[PDB]
Amino acid sequence: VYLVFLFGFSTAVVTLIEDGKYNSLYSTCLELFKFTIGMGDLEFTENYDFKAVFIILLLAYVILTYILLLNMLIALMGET
Amino acid sequence: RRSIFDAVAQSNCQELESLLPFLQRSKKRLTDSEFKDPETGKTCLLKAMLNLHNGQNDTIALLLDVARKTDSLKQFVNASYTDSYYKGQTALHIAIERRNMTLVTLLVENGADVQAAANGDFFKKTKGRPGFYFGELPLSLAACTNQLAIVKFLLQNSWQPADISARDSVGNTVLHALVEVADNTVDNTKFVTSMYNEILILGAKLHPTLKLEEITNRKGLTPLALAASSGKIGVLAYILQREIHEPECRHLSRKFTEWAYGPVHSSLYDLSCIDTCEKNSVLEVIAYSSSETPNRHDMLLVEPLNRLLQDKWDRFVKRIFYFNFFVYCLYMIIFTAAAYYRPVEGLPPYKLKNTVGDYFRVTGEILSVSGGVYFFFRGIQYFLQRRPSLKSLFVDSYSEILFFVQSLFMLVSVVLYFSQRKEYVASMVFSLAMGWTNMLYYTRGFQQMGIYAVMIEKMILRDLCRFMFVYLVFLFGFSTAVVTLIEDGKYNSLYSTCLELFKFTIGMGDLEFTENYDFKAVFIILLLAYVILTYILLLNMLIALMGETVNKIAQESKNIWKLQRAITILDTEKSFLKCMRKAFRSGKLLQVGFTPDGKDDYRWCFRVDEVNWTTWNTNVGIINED
Amino acid sequence: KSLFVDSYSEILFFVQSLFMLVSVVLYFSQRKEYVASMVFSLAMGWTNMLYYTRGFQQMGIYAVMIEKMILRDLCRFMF
Amino acid sequence: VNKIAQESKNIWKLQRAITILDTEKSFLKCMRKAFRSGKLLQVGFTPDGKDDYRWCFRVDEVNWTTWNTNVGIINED
Amino acid sequence: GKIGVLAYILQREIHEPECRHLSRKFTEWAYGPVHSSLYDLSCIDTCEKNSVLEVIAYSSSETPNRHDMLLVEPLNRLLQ
Ligand SMILES: CCCCCCCCCCCCC(=O)O[C@@H](COC(=O)CCC)COP(=O)(O)O[C@H]1[C@H](O)[C@@H](O)[C@@H](O)[C@@H](O)[C@@H]1O
Ligand SMILES: CCCCCCCCCCCCC(=O)O[C@@H](COC(=O)CCC)COP(=O)(O)O[C@H]1[C@H](O)[C@@H](O)[C@@H](O)[C@@H](O)[C@@H]1O
Ligand SMILES: CCCCCCCCCCCCCCCC(=O)O[C@H](COC(=O)CCCCCC)COP(=O)(O)OCCN
Ligand SMILES: CCCCCCCCCCCCCCCC(=O)O[C@H](COC(=O)CCCCCC)COP(=O)(O)OCCN
Ligand code: NA
């Protein structure tokens with residue numbers, strides 16, 4: 001489930017930005033993976049138009065993966 | 001009239017010894033207007049019936065003798081209330097309700113009408129008033145109060161036998177009424193089942209050509225369809241595996257034994273009106289119910305239904321589901337590739353070059369818009385065909401709304417593209433994001449991932465919303481305090497400080513992000529209070545609450561997953577998009593071969609094998625070849 | 001003793017009002033430390049919104065659980 | 001969290017009870033609609049000949065066993 | 001905080017002549033499976049000295065069954 005969410009939001013974010021230093025699927029996947037290990041930036045680039053879209057995408061990703069899925073993994077392991 | 005009511009109320013026949021003398025002298029009868037309550041129509045017979053001791057009241061016989069002498073008994077015994085709250089109630093209803101066999105026998109002997117409908121507001125179905133609904137008829141009243149002797153008498157008496165197929169104002173027969181009074185408790189289920197069985201046997205003996213269970217009420221529901229739609233789990237369980245070991249009425253069974261070796265035997269389940277009826281089948285009623293039915297998720301665990309759904313899945317539906325998953329994966333890969341290679345010049349639409357990459361790109365764009373149009377019309381077809389209510393759009397049908405919203409974002413992107421707006425990009429990425437999360441729809445079809453996805457849903461709807469309300473209140477409060485303290489800074493705005501304080505939640509908070517203030521200690525105290533309240537208390541509490549929740553939703557999650565797969569099976573069976581109609585379940589077998597007349601039954605049975613290592617009894621098989 | 005063990009919400013609303021009045025007194029005394037009072041009142045003013053979670057069953061029970069977590073586990077941990 | 005479920009529900013109910021009593025005491029408009037319901041004739045027979053009224057609260061019940069004839073007050077349902 | 005005695009008193013019903021008036025729970029009417037009961041409410045919400053609701057609600061925090069006493073039968077429905 002985690003890899004599906006990571007790939008989907010990485011494709012959306014890399015499609016939004018344009019021209020330079022993160023206009024690449026590998027780099028954006030790495031940047032969004034850093035949120036999982038407690039090192040995410042939230043301002044790692046400015047090369048876009050539509051700031052609100054960028055922030056909404058990152059906040060949705062953070063809410064879905066970091067606050068919901070990891071704590072749910074802890075709960076499920078405790079059940080197991 | 002007051003003297004008569006006082007005499008019958010006190011059960012003192014000595015006060016009425018002169019009744020027939022002065023009634024004959026005055027040429028008056030007890031059914032005239034002067035002896036009735038003008039407000040309600042109550043008469044002396046009804047007052048005598050209402051009040052009695054140990055089942056005995058001697059004034060009733062005196063009243064019947066006097067009425068017989070004066071004019072007649074037909075107009076006196078069949079008196080009833082004439083108000084709008086007890087309308088139609090008569091002495092026979094009171095005799096049955098009081099559990100008095102003798103009074104019922106005497107009332108029937110003297111010409112009581114055993115088809116009188118008590119249709120007052122008290123006796124009808126309503127919420128914000130007292131009442132008790134039983135089907136308005138004395139046969140239904142006796143059946144619904146667990147009085148077998150009275151229904152036997154009412155059907156089998158010589159003076160006036162009761163009409164077993166009678167219908168009330170709603171159209172309910174006795175069996176509809178018995179379904180209506182069930183409430184899924186143990187004793188209620190026991191007596192309702194027993195009375196249903198007895199009425200079926202008696203109806204078969206008295207009217208061999210009458211099919212009681214095919215009669216429909218005004219809504220077009222048989223008793224089985226009503227039991228399924230209302231959520232009566234016990235009655236449904238009783239009906240679907242009914243077995244009657246009695247000659248002359250074995251055709252009423254729905255479960256049969258085909259053959260038996262020593263430990264092994266094979267059973268047949270009737271399967272009529274379960275999956276094919278052309279009016280309203282059991283599976284359609286359960287699956288497309290309106291989310292307020294009590295036992296919506298539990299009804300599919302009744303014995304034949306789970307097996308026949310698994311049979312449908314294994315036989316032809318699984319391959320179609322996997323094909324749909326494959327096509328959706330191809331669609332999303334093409335959409336991702338097309339969106340990734342968008343041009344970066346200004347002001348769409350963009351002119352195509354005579355080069356290979358542009359042809360592949362525009363082909364991908366055409367396919368993406370095609371898929372968007374497809375899901376748009378699928379959403380409209382869903383809404384028209386199901387006709388859901390306002391509540392059902394929110395408490396149910398999440399996947400339909402998500403796929404429809406994805407298509408709406410795609411179409412708005414097309415409109416903005418051809419209007420020469422760069423904001424079409426802002427639409428497109430949202431659609432792209434939704435397109436990937438909707439991939440989780442296909443986790444049904446695999447048991448472990450489907451149950452996992454149901455658990456994710458319940459976590460979102462229960463724990464995360466409660467967390468986020470309190471969290472957002474605390475975040476906004478401390479953000480307003482901190483931004484008020486700062487003066488003439490870089491930050492000095494609600495958005496920037498909200499973002500900075502949000503960074504503490506994800507393990508990236510600073511604690512020294514600005515110095516543009518006076519009063520350092522106030523700044524530090526506010527930040528430490530925020531960190532203690534949100535980071536150390538609330539997040540760990542969210543983990544603890546999710547751990548509590550996951551321990552309790554195991555079986556509920558499995559039942560919800562099975563209902564989701566059932567809806568998928570029914571939709572695939574209905575659509576099927578290839579003209580194929582090989583959608584019957586099992587063989588058209590002979591069950592008994594002896595209906596009440598000389599004909600033989602074929603009934604589309606479903607086969608289940610069972611093994612038992614105790615109770616080595618002999619069964620009544622159908623065939624001698626195993 | 002019931003002040004310490006009971007009636008928390010009355011104490012919290014009263015302390016909020018005390019910060020407000022001290023802020024007014026500092027304001028008219030030509031002090032900038034009135035700001036230091038005011039923001040504390042503002043912070044408390046938002047957290048006391050949780051008082052109104054009673055009246056809804058799920059949020060009221062959730063708020064009671066927050067109160068018990070603070071009084072039982074957090075104190076021992078912080079010590 | 002596994003232990004404090006029922007205790008939490010009971011404490012919430014007590015909090016709402018305190019709110020209800022404070023609202024009744026304040027009452028905001030000198031209205032008497034806050035008063036309880038149903039000044040009914042209860043038995044109507046004290047040890048003396050007089051009758052009694054008691055401001056009662058009505059509750060409806062259903063029971064599918066022990067079909068006994070209860071000693072009611074009135075014959076109209 | 002004597003919860004058992006309170007539960008006894010509030011739904012007391014005595015079935016014998018010359019002692020019916022001592023009851024606090026009464027049966028108003030009964031059809032076949034349905035019946036309607038009446039509870040007294042005398043000195044539960046209005047007595048001008050010490051009503052049950054005021055005594056329970058404003059108790060001194062050391063009563064043994066402070067939180068459980070409101071679950072006795074008429075009081076929960078009355079508060080709702
Ligand atoms: C910008 C980016 C947006 C991110 C969105 C992230 C969504 C994650 C979810 C992914 C999609 C999964 C899905 O497709 O939806 C799921 C539930 O999704 C949710 O959790 C909603 C979150 C609101 C299926 O629900 P379903 O339609 O099958 O309804 C069931 C009935 O059938 C059944 O009878 C019962 O009524 C039962 O209570 C119902 O569940
Ligand atoms: C910058 C500074 C921030 C301070 C933030 C502090 C936390 C949030 C507080 C939000 C307000 C919530 C509220 O309104 O306060 C909670 C108390 O929360 C705490 O514990 C704070 C500890 C300190 C309600 O307690 P209540 O007054 O309703 O009393 C109940 C009695 O009614 C009942 O009879 C029993 O005696 C029962 O045991 C009692 O609970
Ligand atoms: C839990 C999973 C977390 C995901 C973490 C991010 C990785 C996912 C990448 C998926 C996107 C597709 C990768 C495309 C590879 C590629 O073409 O990118 C290559 C990078 O090579 C590699 O490091 C191979 C990585 C092997 C991946 C081992 C899992 C070169 O790009 P550079 O920027 O480095 O150099 C360019 C200099 N101008
Ligand atoms: C769990 C959620 C945590 C949320 C934390 C962060 C968001 C807090 C927002 C609340 C405060 C109100 C926002 C006011 C918008 C505004 O007026 O500020 C706008 C900002 O526009 C936006 O990005 C809108 C963002 C919409 C996001 C919606 C989720 C411009 O300020 P800038 O500094 O960026 O530009 C100017 C530079 N000279
Ligand atoms: Na970190």
Side-chain angles (χ1 to χ4, degrees), chain A residues 1-3 5-10 12 24-34 36 56-57 60-61 63-64 68, chain B residues 287-289 291 296-297 392 395-403 405-406 409 429-444 453-454 456-461 464 470 473-474 477-478 481 525-526 529-530 532-533 537 560-561 563-564 566-568, chain C residues 2 5-13 15-16 40-44 46-54 63-64 66-71, chain D residues 11-12 14-15 17-19, chain E residues 57-59 61 66-67:
Chain A
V1 173
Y2 174 73
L3 287 174
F5 283 9
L6 175 59
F7 187 78
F9 278 96
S10 297
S24 167
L25 194 55
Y26 169 78
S27 304
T28 302
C29 273
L30 194 67
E31 286 292 330
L32 288 185
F33 176 71
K34 280 175 190 181
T36 302
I56 289 160
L57 287 172
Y61 171 76
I63 291 162
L64 282 173
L68 183 65
Chain B
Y288 301 132
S289 61
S291 322
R296 189 181 164 200
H297 305 103
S392 282
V395 303
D396 203 313
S397 318
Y398 299 116
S399 61
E400 300 288 347
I401 287 159
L402 291 167
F403 274 85
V405 170
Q406 186 196 338
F409 276 119
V429 297
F430 283 134
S431 190
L432 189 59
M434 289 188 76
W436 284 102
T437 58
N438 291 343
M439 199 74 74
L440 292 186
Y441 170 82
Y442 294 93
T443 50
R444 73 194 72 187
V454 172
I456 292 165
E457 177 210 338
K458 297 301 185 191
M459 290 289 174
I460 291 166
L461 288 177
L464 192 61
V470 177
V473 168
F474 283 14
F478 280 93
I525 290 160
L526 287 172
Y530 172 77
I532 293 162
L533 282 174
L537 179 64
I560 293 160
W561 168 70
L563 182 60
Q564 285 173 349
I567 291 162
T568 296
Chain C
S2 60
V5 179
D6 202 312
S7 309
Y8 296 115
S9 60
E10 301 288 350
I11 299 297
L12 293 166
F13 274 84
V15 170
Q16 187 197 338
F40 282 133
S41 184
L42 190 61
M44 292 187 74
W46 283 102
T47 56
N48 292 346
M49 291 287 291
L50 289 181
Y51 171 80
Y52 294 95
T53 53
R54 72 196 71 187
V64 172
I66 291 165
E67 177 223 323
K68 296 294 182 188
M69 288 289 180
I70 291 166
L71 290 178
Chain D
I11 292 159
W12 168 70
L14 182 60
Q15 286 173 351
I18 292 162
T19 294
Chain E
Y58 301 137
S59 56
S61 318
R66 194 183 161 199
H67 303 107

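Just so it is clear, the values below take in all heavy atoms, side chains as well, and ignore hydrogens, waters and symmetry mates. Remember, it's 1-based here, ligands and their atoms both numbered in the order they're listed. Letters go in sequence order (proteins before strands), and every chain restarts at 1.
At the top of the distance list for atom 2 (C) of ligand 3, counting protein heavy atoms only, stands A:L3 CD2, 4.2 Å. Atom 12 (C) of ligand 3 has A:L25 CD2, 4.7 Å as its closest protein atom, hydrogens excluded (heavy atom only). Protein heavy atom in closest approach to atom 16 (C) of ligand 3: A:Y26 CB, 4.6 Å. Among all non-hydrogen protein atoms, the one lying nearest atom 4 (C) of ligand 3 is A:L6 CD2, 4.4 Å. In this structure, atom 10 (C) of ligand 3 lies nearest to the protein heavy atom A:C29 SG, 4.6 Å. With hydrogens left out, the protein atom closest to atom 5 (C) of ligand 3 is A:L30 CD1, 4.4 Å, a heavy atom.
No donor-acceptor distance shorter than 3.5 angstrom exists from the side chain of E:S61 to the backbone of C:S2, with no hydrogens or angles considered. Proximity of a side-chain donor or acceptor of A:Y61 to a complementary backbone N or O of A:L32 within less than 3.5 Å is detected. In this structure a side-chain-to-backbone donor-acceptor pair under 3.5 Å is present from C:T47 to C:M44.
Two residues are said to be in side-chain contact when any heavy atoms from C-beta on lie closer than 4.5 Å; B:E457 and B:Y398 meet this criterion.
With 3.5 Å as the limit, one finds a donor-acceptor pair spanning the side chains of A:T36 and A:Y2.
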Return a table of N or O atom pairs, ligand 2 on one side and protein on the other, at distances under 3.5 Å, rounded to 0.1 Å.
residue  : atom   : partner : partner atom : Å
ligand 2 : 27 (O) : C:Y8    : N            : 3.4
ligand 2 : 27 (O) : C:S9    : N            : 3.1
ligand 2 : 27 (O) : C:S9    : OG           : 3.1
ligand 2 : 28 (O) : C:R54   : NH2          : 3.2
ligand 2 : 34 (O) : E:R66   : NH2          : 3.2
ligand 2 : 36 (O) : C:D6    : OD2          : 3.2
ligand 2 : 40 (O) : C:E67   : OE1          : 2.7
ligand 2 : 40 (O) : C:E67   : OE2          : 3.1

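Of all heavy-atom pairs spanning A:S10 and A:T28, the tightest one is O-CG2, 3.9 Å. Heavy atoms only, all atoms of each residue included: B:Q406 and B:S431 are closest at O-OG, 3.3 Å. Across all their heavy atoms, C:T53 and C:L50 have their closest contact at OG1-O, 2.6 Å.
Within a 4.0 Å radius of atom 23 (O) of ligand 3, the protein has at least one heavy atom. Not a single protein heavy atom sits closer than 4.0 Å to atom 30 (C) of ligand 3.
Aromatic rings of A:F7 and B:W436 (six-membered ring for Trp) have centroids within the 6.0 Å cut-off, being under it.
The closest non-hydrogen atom to atom 3 (C) of ligand 3, taken over A:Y2, A:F33, A:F7, comes from A:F33.
Ring-plane geometry between B:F403 and B:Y441 is classed as perpendicular, the angle between the planes exceeding 60 degrees on a 0 to 90 degree scale with a lower cut at 30.
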